[PDB]
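Residue numbers (the working numbering), protein chains in the order written: chain A, 1021 to 1282; chain B, 133 to 397; chain C, 133 to 397; chain D, 133 to 397; chain E, 133 to 397; chain F, 1021 to 1282; chain G, 1021 to 1282. Single-structure report; data block below.
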Amino acid sequence: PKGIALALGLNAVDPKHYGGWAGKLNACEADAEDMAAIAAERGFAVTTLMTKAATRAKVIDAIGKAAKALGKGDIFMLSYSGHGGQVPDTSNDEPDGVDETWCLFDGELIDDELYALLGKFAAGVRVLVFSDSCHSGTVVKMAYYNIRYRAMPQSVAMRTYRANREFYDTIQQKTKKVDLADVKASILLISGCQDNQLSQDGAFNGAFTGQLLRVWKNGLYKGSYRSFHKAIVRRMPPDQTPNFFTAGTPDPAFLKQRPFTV
Amino acid sequence: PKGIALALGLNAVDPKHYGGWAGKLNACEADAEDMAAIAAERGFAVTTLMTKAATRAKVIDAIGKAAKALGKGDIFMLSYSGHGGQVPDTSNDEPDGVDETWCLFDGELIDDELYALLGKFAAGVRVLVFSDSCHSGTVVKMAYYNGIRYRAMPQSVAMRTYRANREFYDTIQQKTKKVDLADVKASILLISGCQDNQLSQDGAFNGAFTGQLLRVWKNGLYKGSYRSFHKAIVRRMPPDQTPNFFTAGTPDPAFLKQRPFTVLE
Amino acid sequence: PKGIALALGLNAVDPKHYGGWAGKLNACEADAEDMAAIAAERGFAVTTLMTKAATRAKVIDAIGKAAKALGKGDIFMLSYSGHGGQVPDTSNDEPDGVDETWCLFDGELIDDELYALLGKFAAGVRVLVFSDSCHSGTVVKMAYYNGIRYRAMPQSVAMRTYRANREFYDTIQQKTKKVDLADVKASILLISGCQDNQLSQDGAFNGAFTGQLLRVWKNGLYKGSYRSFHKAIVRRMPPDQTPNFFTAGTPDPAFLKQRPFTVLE
Amino acid sequence: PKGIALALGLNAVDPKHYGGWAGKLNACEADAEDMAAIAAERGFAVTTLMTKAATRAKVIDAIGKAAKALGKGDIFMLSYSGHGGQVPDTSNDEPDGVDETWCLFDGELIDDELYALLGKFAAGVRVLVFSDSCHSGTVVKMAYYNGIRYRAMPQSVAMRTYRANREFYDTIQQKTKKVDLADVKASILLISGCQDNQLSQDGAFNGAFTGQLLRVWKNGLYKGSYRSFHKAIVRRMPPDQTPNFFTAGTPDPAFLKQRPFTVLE
Amino acid sequence: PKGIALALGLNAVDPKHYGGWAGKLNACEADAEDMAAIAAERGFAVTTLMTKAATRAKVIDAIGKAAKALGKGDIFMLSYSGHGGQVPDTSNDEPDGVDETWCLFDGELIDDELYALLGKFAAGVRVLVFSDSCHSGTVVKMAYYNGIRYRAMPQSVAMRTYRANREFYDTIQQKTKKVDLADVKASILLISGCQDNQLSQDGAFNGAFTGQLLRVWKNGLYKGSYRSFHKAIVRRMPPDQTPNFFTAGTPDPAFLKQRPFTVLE
Amino acid sequence: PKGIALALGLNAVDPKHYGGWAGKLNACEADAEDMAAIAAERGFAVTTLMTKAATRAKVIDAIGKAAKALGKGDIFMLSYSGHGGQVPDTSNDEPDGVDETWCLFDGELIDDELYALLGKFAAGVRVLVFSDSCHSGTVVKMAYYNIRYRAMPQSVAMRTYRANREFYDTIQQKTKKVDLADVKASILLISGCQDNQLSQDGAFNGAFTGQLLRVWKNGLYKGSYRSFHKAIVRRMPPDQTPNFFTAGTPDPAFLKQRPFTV
Amino acid sequence: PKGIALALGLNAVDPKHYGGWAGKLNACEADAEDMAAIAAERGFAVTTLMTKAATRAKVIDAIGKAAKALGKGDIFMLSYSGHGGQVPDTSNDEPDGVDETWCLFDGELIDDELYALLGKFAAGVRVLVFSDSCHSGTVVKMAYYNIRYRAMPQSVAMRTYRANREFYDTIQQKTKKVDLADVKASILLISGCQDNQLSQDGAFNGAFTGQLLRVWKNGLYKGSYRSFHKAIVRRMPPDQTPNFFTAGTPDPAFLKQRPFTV
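Printed below as a string of structure tokens:
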């Protein structure tokens, strides 16, 4: 049973693309190394991409390789620590009508592009995703919240879009909204927070990742993914609750395994 | 396909059982009426139980009836607004090792008793549950919330209630074998008012969660699936209170794709 | 030139219509008396309506009378202290798509009904309106104000009141065609207690806005125009509550240049 | 050398005069009893007036008696715990142009009336005044204190009370010529509970100021002069409330050098 | 080895002695019942005194009885939930120079009176004391806590109570010679609800400290020594309230090594 | 009628004396210039001392000169913006038993040294003092307060004392507590705050000085010293109230004059 | 009667061992100098170790020397200002199950190693320990608290452990939990705060140390250790209360002496 892991960490992005914004953070590379370390110790063929290395091309290509390499019975692990972005949805005039994205160094990866990539995996393959990131969401979230968060500021989001109109418009025209519930692979997406919350960027690792490492306790943790998740949220502040989302072909055996089994 | 709904609302409980605690709230009955109103307008055979009426016997019996009545294709709806309780887990020594419960007027309904009841439903039956409640959780939750009423029974009362009814809960705890919601034949879609590390706020005219549920539902003008319904609500909710979308039992993508209160596709 | 004033103050409403909500406040009647006192001293034929007396029928009729009585050169003064309501806008599906209203004792007066009434006044008539009230607005306003009584009906009650009176408001909403305040023949000068993104505070002896209005007016010792009057008030008001200066209808620079409560230049 | 003390305490006033405001407080009578107790133990002929008893007539008359009774060498002590009022200064147009007052049960005693009364005392007589009260001041004070009861009448009530008693206060304001406390023959030592830009807190068992005064006085065990007494109190007081040490009239260094409640050196 | 326990709980005191202060609380009687319940289940001959019953005479007499009854090897348990008082230390002039006390219904029990009583116990007797109370301390504590009920009598009341009972406390203060808890023959283990610079919170169903004590004790499922018991509690307690672990008298490592409520090893 | 003014401003002190503390501030020199500007425009022979220039020797000497120069009818003006210090009072073991001081560049000037200097002025001379400074006071003040204040931190106060034991002990043995009420000159001391408060150091001038300049409005202010004071406190926050203290031979005519008359 | 004192102060540690964390502080060296100054004035043979100098080897060796040098009647004084650490307890899977430590420059000194060292002292020897430090404790403490504290952040604690797995595991296997109540020497441990609190690092000395120096008032303090302690806590904020812990052979005469007697 072969396992492939992709640890992504970006504590900076190319200001030359994000309208002068560097999206500086200082614990995302640590999160990736820590996740990659756990994956390696679990028997994963790990590949780490740090900031400059975490570009659209490399990330898309890496995930693509995995989708082709592993098959029924294998498991793909994707962890990500970086900013969460939003690109305007020209489908309407709603000011808060946007598409969530991952702020990669090269540019933004639209959630649909990622979702589609995950849909290229085999049928009996387990896909485990850790996303210690968040999104600006709507003005209401901004209202409640207004210590740095892993969310690109709305001003930069729009400025980045304007500075790259043709680029994102093309991306938006290609891939479309995919249904994660209907994909072949059994996906388990554990994110750092809820859609109405923000993810905190600590000084040595994300708030979520830090607690993930604390309950995992260097491999001494005994339990299933559900228990793993419940044990983490128990330690987390009410304003930041990691989420446990499953998509694709249901696999109760997978959700019953130990958090990083291969 | 038909439908049976059970709206529960308790803005008070029997202090004679809860060690002198009345568990007063003033929006739970409103929540139940509002949920029952939506259910009735959707073609549901609704049954409402308000505080004194929401007892262990009546609730257990009502759910029991439903499990026997409806079958493949039908749908059962359970909504609940009240306090969330905790009874000591005499299995370990952990001060915070407890069992979550619903604080009914009569006494507490251990989560296992409810889970088991839900497991008595047919195979192709959809089970929709709304729980605008919360639990004290562990001291860590209490810690964060120490620095406006919440629908959670205070830990002191939880223990006091247990002590005052030792034999009662110990018997229940021993005659109620645990069960896995991911094994029940029916398709469970549980939407609660908050996360396990959060608390649910009791508003003056309806729960924070229920209030926003009614606002997006907009008297039946809402267009969309359960997932969209849920996402639209959380979007309006404060970061310290996020309703959860939990599915258990036999997966049913068609069910999660239906309109939030659908009886007939 | 003569003058008719209508001072409205409601520090309570009929719970029998507002789904059990009394909309209690304790400074609205004081606000009306104080406004009525100034109007009387200025040469106004004042009519005061306190809570129970401030019903849909009476308010609509009083304004109606005025519109017919006074003509070119005269001036109508309308002051209001009470809750601001919202009734669902069954035209769209937007959870926050609603119509602003005044919560009268009898029920809610849709902004359109008031706007239309103001449109029934003569051409050269000055219409001065003081509204020390506010509206729940959208969830974003609720969001900012989540992190002391405000004269806005809580959203939960707004919807509950609507549901409890479906046919009543639906009829009103269909027999009241919208109107543009910038088209009315009369010169409208609307001074409200706060901005659309703010809430109006209900003090213990008069509204925050009204209290400061009386303080700058200083029992008739104030010298200046309406604009100056307004600027002097906002200067004293907290940043989270800024009264607004809105003009509609046929422009009248001479009117906005007069002394705040002038009947005779 | 002999001594006469007047302890005033009003934890309520006549709403029939203050436009329906009762000015409720619950530590002013305690303050007066405590001050009267110290005065009695110091050899003072004390007279206590509690709320209903602390009227304009009685207070004016009592102080008047004292001014006539004692002479060179004697000492008059006046302590007061109640609300501080403000009546509009109809001399200017400034919204905040007002006259400070003491809110007696009967009505307000304009600072000038008190100042004049103090000016009726002999030349070598020491006048010790304790005022555990405050004033609303201007909007700026209100501003700072917007972001626990204070002994200041709310501005709304102040104006409402004035309007409801126009002729009464206007007469007083015209028959009470202003006076300079630095001209009176007697030696005035006025110690108030707070600064002009602060507010005085009303505790549950005595004013914040009075409470600390009693604590440093420690039942007569305090050794030191008035200045030291004052410095020791402020040292314990919060930065938002600092009692003031004001001297007026004919300077008397020997007096300010005596022990805080000395009748006989 | 046998055991005698005395559970004291006062959620009110005689205002007729405390200058009109009732010292109301609503969790002290619950604390006593809960402590008495644990003691009874541990093999203790428990005696409970609730408010009116917890008088100076009864408390002094009960402890006295115990001191005479049990001997070498036995163990006395004293738990107390009520207000902590302070009576002026007429020895110095320091405004904050006072003596800590327990506010019993009848009046205050000076710490020395209690300490002396504890000194009347045998040599090999273990004395376990739980005090879920606190003291006003000095102005510095008051300072920090100025920027939710606490079991400390307010300083104002403390002085007022003293003045109202001058002769009473002065007599007590002169007939109660001080004593050193580190000299008593018995082994004292005093566990209080907070530190000398902190205050103890009075919850709605039991003290903050007592509530957590019951939570770690988990109805007798707790395994460990007194030190571990204490460490497990403080771990759950907020930083502004840390229960203390104080030992006095003849050291007894075997005692501090026993299980928190051991009568028979 | 001759007037002499001394504007002192120290937005730094010698760390070589204050146990490594520089007592940095950035509005004290501005306060002095502003006060000196008003004094000059009022007919004052002004002398300004900025930080390095405001030493014990120079300040003592300047005030001394003035005391000898002017006489009956004249007026001396002293303004000060800097930190307020405290040196332990070895008269007892009280932890908070200390002597207030002005933190001059050279070292601390004990309040008694200043008070004594003020007592060297003629009988009919008016002494106007502005002190936009404060003192740490006792732990209770620290309690209520715990944006920078013009008060030397208690740790530095003690450290400075220890590092200069003989120096301050000698000073403490020489001059003693003086009675400001019995001095010949009529003194009016207006400080930035009360004894139980702290004085705020703004970015361009002290909180107190800033408001002093605002009511003075470039010489357009009409009124007496009392009115001047009342108008300022009216604008000041409740946590900072400037004080109006008079000492020496009473002079009602002086307190009745315009805030900076000569 | 000979006395030996060891003043330790670390306002930095080796990032090369603490996974890149420098554990910067700026008042720990001041605390040590101040404590060493008091000790010297009391007749103590003081030895000061500042940051780079406060290594595992030197500290262990210094304390060892003392244990051998002094005997019945003498007194050893140990003061420490630095970060408090925690190393995972592999005895179980508890996420918060850890061992408290002192973050020395070289690495962490497990509480057991220190406790054992203290147990090597004679029978009639008095051991006085001042620890102006704290520990992260459990998530509940973190919850209540979330101005810098002297506690190593949990993320760094785990990262440091992982980066030195073999090192700490070996230490954990050697020394074990010791009973401070049964040691020969009479120990008095006065720490800066309670187990459920954190110790504040001031700008010129710890919050605790600063108040210790204030009540001590340069040797003018009269009283016993208990009174000394009570006088300090009286001045301290409720969120930080120094503790008075006694272990080993009881010595009422010792606790009755003046705070720094020899």
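In this text, a Cβ means the ideal position worked out from N, Cα and C, and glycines have one as well.
query: When the cut-off is 8 angstroms and only beta carbons count, does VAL271(E) lie next to chain F?; result: yes
query: Pick helix, strand or coil for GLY1239(A), following the three-state DSSP scheme.; result: helix
query: Would you mind reading off the limits of the alpha helix (DSSP H) that contains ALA1057(A)?; result: 1048-1061
query: Along the region 1163-1194 of chain A, what residues have a CB closer than 8 angstroms to any CB found in chain C?; result: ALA1163 and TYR1164
query: By DSSP, does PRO392(D) sit in helix, in strand, or in coil?; result: coil
query: Compute the Euclidean distance between the alpha carbons of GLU232(C) and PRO227(D), then round it to the nearest angstrom.; result: 33 angstroms
query: Are the C-beta of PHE1280(A) and some C-beta of chain G separated by less than 8 angstroms?; result: no
query: Between which two residues does the beta strand (DSSP E) harbouring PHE300(C) extend?; result: That residue, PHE300(C), is in no beta strand (DSSP E); its alpha helix (DSSP H) goes 298-307.
query: Beta-carbon within less than 8 angstroms of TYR1181(F)'s beta-carbon, same chain only, minus the 5 sequence neighbours each way: which residues are those?; result: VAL1107, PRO1108 and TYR1188
query: Counting C-beta neighbours from all protein chains within 10 Å, is the total for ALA1077(F) 16 or more, i.e. buried, or is it exposed?; result: exposed
query: Grab the span of the alpha helix (DSSP H) containing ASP231(D) for me, first residue to last.; result: Taken as a continuous stretch (DSSP letters only), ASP231(D) belongs to no alpha helix (DSSP H), being part of the beta strand (DSSP E) at 230-235.
query: Which of the three DSSP states is assigned to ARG281(B) in this structure?; result: strand
query: Quick one: list the residues of chain E neighbouring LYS1250(G), beta-carbon separation under 9 angstroms, in chain order.; result: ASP328
query: Answer yes or no: does any C-beta atom of chain B fall closer than 8 angstroms to that of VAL259(E)?; result: no
query: Residues of chain F with CB under 7 angstroms from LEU1240(G), in chain order?; result: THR1110 and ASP1113
query: Please check if any C-beta of chain G sits within less than 8 angstroms of the C-beta of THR374(E).; result: yes
query: Among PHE387(C), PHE337(C) and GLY217(C), which residue has its Cα nearest to the Cα of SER288(C)?; result: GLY217(C)
query: Only counting the same chain, and skipping five residues up and downstream in sequence, which positions put a Cβ closer than 8 angstroms to that of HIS1249(G)?; result: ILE1210, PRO1262 and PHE1264
query: With a cut-off of 8 angstroms, does the C-beta of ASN143(E) fall near any C-beta of chain B?; result: no
query: Measure the alpha-carbon distance for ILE192(C) versus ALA248(C) and round it to whole angstroms.; result: 10 angstroms
query: With 8 angstroms as the threshold, decide whether the Cβ of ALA314(B) is near any Cβ in chain A.; result: yes
query: What does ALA1223(A) reach in chain G if we use C-beta pairs closer than 8 angstroms?; result: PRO1173 and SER1175
query: Here's a check: name, in chain order, each residue in its chain whose Cβ is nearer than 7 angstroms to the Cβ of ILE365(C), leaving out the five neighbours to either side.; result: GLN344, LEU345, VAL348 and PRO375
query: Considering only C-alpha positions, which residue in the set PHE253(E), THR179(E), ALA164(E) and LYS355(E) is nearest to residue 414(E)?; result: There is simply no residue 414(E) to check, as chain E begins at 133 and stops at 397 in what is shown.
query: Indicate whether at least one CB of chain G lies closer than 8 angstroms to the CB of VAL191(E).; result: no
query: Would you kindly work out how many angstroms separate the C-alpha atoms of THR1071(A) and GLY1043(A), rounded to a whole number?; result: 10 angstroms
query: Once DSSP output is grouped into helix, strand and coil, what is the label at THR179(C)?; result: strand
query: What span of residues does the alpha helix (DSSP H) with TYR1100(F) cover, start to end?; result: Per DSSP, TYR1100(F) belongs to no alpha helix (DSSP H); it is in the beta strand (DSSP E), 1095-1101.
query: What span of residues does the beta strand (DSSP E) with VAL1107(A) cover, start to end?; result: 1104-1108
query: Pairing CB atoms from the region 250-270 of chain E with CB atoms from the region 173-183 of chain E, are three or more of them under 8 angstroms?; result: no
query: Using a Cβ-Cβ cutoff of less than 6 angstroms, which residues in the same chain neighbour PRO392(E) once the five nearest sequence positions on both sides are dropped?; result: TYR358 and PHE361
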